[PDB]
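Numbering (mature numbering (1 follows the signal peptide of the UniProt record, and there is no 0)), first residue to last: 47 to 209, 214 to 383.
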Amino acid sequence: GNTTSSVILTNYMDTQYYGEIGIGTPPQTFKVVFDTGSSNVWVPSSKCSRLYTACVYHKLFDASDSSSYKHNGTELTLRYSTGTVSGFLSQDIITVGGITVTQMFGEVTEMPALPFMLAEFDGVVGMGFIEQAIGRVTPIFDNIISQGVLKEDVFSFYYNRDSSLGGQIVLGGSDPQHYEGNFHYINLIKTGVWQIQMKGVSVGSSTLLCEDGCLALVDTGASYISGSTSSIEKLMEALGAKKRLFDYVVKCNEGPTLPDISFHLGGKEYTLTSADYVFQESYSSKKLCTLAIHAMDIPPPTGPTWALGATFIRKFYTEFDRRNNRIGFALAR
Ligand SMILES: CCCCNC(=O)[C@H](C)C[C@H](O)[C@@H](N)C[C@H](Cc1ccc(OC)c(OCCCOC)c1)C(C)C
């Protein structure tokens, strides 16, 4: 076809990038993360008990105020790298950047506070494959694609640095005014998942890890670049960072000196300069700066896998190809 679309996203501390969709006729407006790490849509429900503090803090979906809603009813529990939300199915029309589809989503009535009370966004839009869709529910992209409207079965993400535009997705294409040089594609390893083959991580100058080929799931819904606890740990040893419970960190003076890390994808090497990965809010001997890499163990469903999140997409404009099943990288401008 010939439509092309984008949503515009807001960047929050570089750690959380959301855009907005509208469910229901009259629209209910919710804020959401467009995640390629999963494949289901959910937003909080009015039915959620406000004994859950998260619900008192996020907009909820009232469907009895929606003329288009449509009852469903099966339960559905979503598990993620880092939190579960439980709830039930339903349908109404959703509007993502001017394209309206009728999608089956989940109304969550169980939303745990941690980490939910810390999320600026209301829910999630999985841009994953049918395959990873819990409930075996068709996802937004496949439905949009059914409409016959895009010129291409492709969506791309721009994540900006921070403090105009926070980001931008474009459905049915790629804005050439946010990339440079050529795109470079990596074919999808199995299908029904955004996983690509990853050839080795270099810290500084040598493959400290990844060495016999590994998995890198490219995931827009994640904020940091992460790996198994076990290679994380190692990499960390190298760089010379500590643990803080959840994130490593280095002393700020040290900061603008940690070597570069590289990611070996398709004969090309994606290097991240030290600034790209440290969150430098100081340069002082006495203060701790944390890094934008983590440990995350994603289980055999798909993991173990390294996840390349926002840290990475923000440097390399990413296009995800449906028509052809692969992922291409280009340099963000
Ligand atoms: C159902 C199978 C799940 C498959 N995918 C995964 O497990 C991924 C590795 C992790 C998820 O994609 C995860 N990032 C999604 C995300 C989890 C999450 C929870 C709390 C957060 O805030 C403290 C958060 O921050 C996300 C920031 C994204 O901004 C771009 C993400 C929401 C949408 C559920």
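A virtual CB, placed ideally from N, CA and C, is assigned to each residue, including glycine.
- Straight-line spacing of the CA atoms in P185 and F151 works out to 9 angstroms.
- The C-alpha of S335 is placed about 43 angstroms away from the C-alpha of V243.
- Counting along the chain, no alpha helix (DSSP H) covers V253; the unbroken beta strand (DSSP E) around it starts and ends at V251 to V253.
- Around the CB of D60, 16 or more other CB atoms lie within 10 Å, so the residue is classed as buried.
- Bounds of any alpha helix (DSSP H) do not take in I348, whose DSSP letter is neither H nor E.
- In the structure shown, the three-state DSSP call for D269 is coil.
- Its chain contains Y298 and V299 as the residues whose beta carbon lies nearer than 7 angstroms to that of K292, once the 5 sequence neighbours on both sides are disregarded; these appear in chain order.
- Counting only the Cα atoms, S273 lies some 22 angstroms from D225.
- Counting the other Cβ atoms within 10 Å of the Cβ of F296 gives fewer than 16, which makes it exposed.
- The DSSP-derived three-state label of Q137 is strand.
- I69 and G144 have their C-alpha atoms roughly 12 angstroms apart.
- For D371, the uninterrupted beta strand (DSSP E) run begins and ends at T368 to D371, by DSSP.
- Bounds of the alpha helix (DSSP H) holding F187 are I186 to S192.
- For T279, the closest of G194, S127, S256 and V328 by C-alpha to C-alpha distance is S127.
- Taken from the Cβ of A272, at least one heavy atom of ligand 1 lies inside 7 angstroms.
- For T241, the secondary structure class from DSSP, reduced to helix, strand or coil, is coil.
- For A325, the enclosing alpha helix (DSSP H) starts and ends at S324 to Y327.
- In this structure, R376 places its C-beta atom within 8 angstroms of the C-beta atom of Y235.
- Counting of Cβ neighbours within 10 angstroms places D168 among the buried residues, the total reaching 16 or more.
- The three-state secondary structure of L285, taken from DSSP, is helix.
- Set against 7 angstroms, the gap from the CB of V170 to the closest heavy atom of ligand 1 is smaller.
- For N57, the number of other beta carbons within 10 angstroms of its own is at least 16, and it is reported as buried.
- Burial state of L160 is exposed, judged by a 10 Å Cβ sphere holding fewer than 16 other Cβ atoms.
- Straight-line measurement puts the Cα of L259 at about 43 angstroms from the Cα of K105.
- Beyond the five residues adjoining it in sequence on each side, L308 comes within less than 6 angstroms, by CB distance, of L289 and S324 in the same chain, given in chain order.
- When beta bridges are read from the DSSP output, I54 appears opposite no residue.
- C-alpha of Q245 to C-alpha of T352: approximately 8 angstroms in a straight line.
- The Cβ atoms of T340 and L196 do not sit closer than 8 angstroms to each other.
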